[PDB]
Amino acid sequence: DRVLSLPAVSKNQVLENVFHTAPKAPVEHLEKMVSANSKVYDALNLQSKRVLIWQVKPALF
Amino acid sequence: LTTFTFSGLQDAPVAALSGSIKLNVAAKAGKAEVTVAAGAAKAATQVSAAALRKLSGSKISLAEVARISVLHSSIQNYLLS
């Protein structure tokens with residue numbers, strides 16, 4: 001019964017309790033806000049090719 | 001507008017109210033020399049009392065170029081706001 005003197009908690013159960021959640025990448029906040037601000041650039045810039053300014057406040061010709 | 005309008009060179013604005021553009025008129029008896037200064041450019045022409053009355057003979061009648069319609073663009077401007 002030498003196995004009953006070993007620590008009963010496995011090496012697996014350490015690695016699943018220590019690394020419980022996959023950690024958040026540092027660049028995940030950049031490349032998710034950049035792709036969402038590329039839609040703020042597109043719609044709202046006045047130099048974008050797809051601006052909303054001509055379909056929101058139309059024109060007066 | 002109507003067909004006949006009755007304004008021009010009588011109780012007119014004689015000077016601009018902002019600094020971005022400078023306006024001066026030379027109220028003579030028959031005509032008036034305007035002095036317009038906007039940025040680097042200056043214009044100084046002469047407008048008669050009967051030259052402004054022919055201005056409202058042809059109407060401009062501005063109208064909006066909308067992507068879909070003026071109604072739709074006013075709803076979409078509110079959804080954007």
| said: Could you list, ordered by first residue, the pairs with Cβ atoms under 7 Å in which the first is in the stretch B:67-81 and farther than 14 Å from A:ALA59 by Cβ and the second is assigned to a helix (DSSP H, G or I), at least 6 apart or interchain? | reply: B:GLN76/A:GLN55; B:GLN76/A:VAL56; B:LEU80/A:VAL56
| Taking the stated definitions as given, is A:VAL34 loosely packed, with under 10 Cβ neighbours inside 10 Å and assigned to a helix (DSSP H, G or I)? | no
| query | Conditions: (1) more than 30 Å from A:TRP54 (Cβ to Cβ); (2) in contact with a strand residue (DSSP E or B) (Cβ under 8 Å, 6 or more places away or on another chain). B:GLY8 meets all but one. Number of the miss? | reply | (2)
| said: Being over 26 Å from the mean Cα position of the chain (by Cα) and either away from chain B (no Cβ under 14 Å) or part of a helix (DSSP H, G or I) (or both) is the filter here; which residues of the stretch A:44-59 pass it? | reply: A:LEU46, A:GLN47, A:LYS49, A:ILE53, A:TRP54, A:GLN55, A:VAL56
| request: Considering every residue within the stretch A:35-53, establish whether at least one is under 30 Å from B:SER61 (Cβ atoms) and of a type in the set (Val, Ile, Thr). | output: yes
| field | Matching option when the condition is in a loop (DSSP other than H, G, I, E, B), within 30 Å of A:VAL56 (Cα to Cα) and in contact (Cβ under 8 Å) with a residue 12 or more places away in the chain, among B:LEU62, B:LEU1, B:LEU9, B:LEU52 | value | B:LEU1
| remark: Here the residues within the stretch A:17-43 that are over 23 Å from the mean Cα position of the chain (by Cα) and under 25 Å from B:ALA66 (Cα atoms) are none
| query | Got a number for residues in the stretch B:22-81 being under 28 Å from B:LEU1 (Cα atoms), away from every other protein chain (no Cβ under 14 Å) and over 18 Å from the mean Cα position of the chain (by Cα)? | reply | 3
| remark: The lone condition A:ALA8 fails out of (1) away from chain B (no Cβ under 14 Å); (2) not in a loop (DSSP other than H, G, I, E, B) is (2)
| request: Considering only the stretch B:21-49, state which residues are assigned to a loop (DSSP other than H, G, I, E, B) and surrounded by 11 or more Cβ atoms within 10 Å (Cβ to Cβ). | output: B:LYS28, B:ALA49
| query | Only one of A:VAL56, A:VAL9 is among the β-branched types (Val, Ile, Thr) and surrounded by 11 or more Cβ atoms within 10 Å (Cβ to Cβ); which? | reply | A:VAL56
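Taken together, the values in this text are just the output of simple stated rules run on the coordinates, not laboratory data. With ideal geometry, Cβ positions are generated from the backbone for all residues, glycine too; neighbour counts draw on all protein chains shown.
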